[PDB]
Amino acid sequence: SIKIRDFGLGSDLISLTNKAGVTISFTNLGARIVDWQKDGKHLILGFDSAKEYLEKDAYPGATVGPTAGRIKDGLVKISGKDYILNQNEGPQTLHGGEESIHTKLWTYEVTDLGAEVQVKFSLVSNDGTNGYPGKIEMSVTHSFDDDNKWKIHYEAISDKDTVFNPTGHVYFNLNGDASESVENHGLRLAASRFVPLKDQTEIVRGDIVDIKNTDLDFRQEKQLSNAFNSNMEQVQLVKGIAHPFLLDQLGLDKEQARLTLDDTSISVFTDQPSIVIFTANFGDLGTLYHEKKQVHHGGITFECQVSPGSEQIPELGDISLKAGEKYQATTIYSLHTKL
C-alpha cells in the first residue's frame, strides 16, 4: 500500500508498505528517506516532521549533492578553469554548500508497479547555484519492492560542463533506538584500502592506504567495537570512522557491505567505486530522535559515491560531468531476516 500525508512546511510524507508488511517512507524535502521499519522497529534514524530536520540536522536520509563530501578550499577545475564553490564549512565546500539540494522541496511522482513502487523526485539546479555551472536537471528515484529491496537511482543532465557526484545520507541503527551505540553491530566490507584524512578539517591527507590486517579490515565480518576501540591514529583523529573506503571489485551484482545485528542484516550494492562510512561521532551532542537522546556512535552511514578528495588524488576518479552527458548511478539497500 501507499499513503501520502503532510509532513510539515508543505512537504509530503510518502509511505510504502510492501507485501511483507515492511514500511519505508520518504519525503520530498531533500528526496529523502525518513523511516524504514519492520515489526515496529526502526532500522534507520529519522525525525517525525519536516521542521525537525531543518532545526536539528538536515542531512539524515537525504540526497546530498551536487557533490557529496568535502572539497578543499571549495575549489574545482572545470575544463581547465578554476571554479570556487560555496564554502560552508570553513574554506571547504561540504555536501554542495549551504542551503543545498537536501533543503529543497523536490517535485515527485509515484509509480505503482505492483511488486515494486517507485517515487521519482525531481529538481533543477540552476546554472551558477552555489557556484556550480548548470543548469542540471536531476532526478532521484527511490523504490521499494516486495523483496525488501530499497533502491536509489540517480540521473542527471547538465547544459554545461560541471561536476556531479551525489550520495544518499541514510544512517542505520539496527538497535531501533539512537540512544544505543552501533558498536554491537557486525560489519563486513569488501575494501582493502582507505583514504586517510589530513586532520580534523577532514580534508584528505593525500595518499591511499592499505588496511589489510588493521583494525579497519572488515573484509571478514567483525564487530564495530573493534574499530571503535582501536588506537589507529586515523580512528583516534575522528573518534570513530569518517572515511572513504575503496571497493575492491566494482559492479552492482556484488554485495559490497553488510551490516548485521542478530537475525537482521542489511546488504549494500552499488555501481560506485567507494563507500564513505561515518559512525555518528557526535560525542555529547545528544540530538533527539523520537525523543531518544543520541549517543556517540549512535548510527552509521554507507555513502556510496566516488571518493571525496579526487581534486587532490586523481586516482580516486573523476567527477566531471560534460554538457549533454547523462549521469546515472544506482545504490541498493537490501533487508534480510534470518529464519
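The first residue of the shown sequence is 1; numbering continues from there.
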query: Of 302 to 310 and 51 to 59, the stretch whose C-alpha atoms average the higher B-factor in the entry; finding: 51 to 59
query: Residue stretch of maximal mean CA temperature factor, 233 to 241 vs 99 to 107; finding: 233 to 241
query: Most elevated Cα B-factor in the entry, residues 161, 255, 127, 112; finding: 255
query: Criterion, highest CA B-factor; candidates, 137, 73, 263, 145; finding: 263
query: Residue 34 CA temperature factor, ranked by third within the chain; finding: lowest
query: CA B-factor ranking of residue 64, expressed as a third of its chain; finding: lowest
query: Lowest, middle or highest third - CA B-factor, residue 220; finding: highest
query: Position of residue 121 among the chain's modelled residues by C-alpha B-factor, lowest, middle or highest third; finding: lowest
query: Third of the chain, ranked by Cα B-factor, where residue 22 sits; finding: middle
